[PDB]
C-alpha cells in the first residue's frame, strides 16, 4: 500500500528522474539495439515504458493525455524522451488535482481483478523498474554510458 499521495510522489519522483535521465542519453542509432535476433529493440522497450503510464492507470479512472499504443515505435529518441516527460507531467498533475489520500483505497478494476488504487500505483513503479533494468543492458550494448540507479 501507500498511505499518502505525497508518500507516493517521493517514491515516484526518484523513479521518474532516474528513468528520464536514461531516456535522455539514448540516440537514434541505439534504438535499433536488440535483445536478440527476433526480439524487441531498445526503442521498443523505451516506448513501452512511456505508453505504460496511461495503460496501467486507465482502470483507476484518473484521466490524462498520453499515447497508449506501443506500436509503431518512434524513430527519434527525442520523441521518446520528450513523450515520457510530457505524459509523466500530465499524470502527476492529474493525481495532484483529483486525488487525496483516501482515493488510494478506492477499489478499481485492473484488467479483470479488483484492487485498490495504491496497487495500481505499486504496479506502475514495479513494471517501469523491470523494463528500465532491461534498458540498462541494451544501452551498455549500444555503447552508451548508463547513469546509475539504486
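Positions refer to the first chain, counted from 1.
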Chain-relative CA temperature factor third for residue 68:
highest
Residue 102: CA B-factor among chain residues, third -> middle
Would the CA B-factor of residue 91 place it in the lowest, middle or highest third of its chain?
lowest
On the chain's distribution of Cα B-factors, residue 43 falls within the third called lowest
Residue 34 - Cα temperature factor, lowest/middle/highest third of chain:
middle
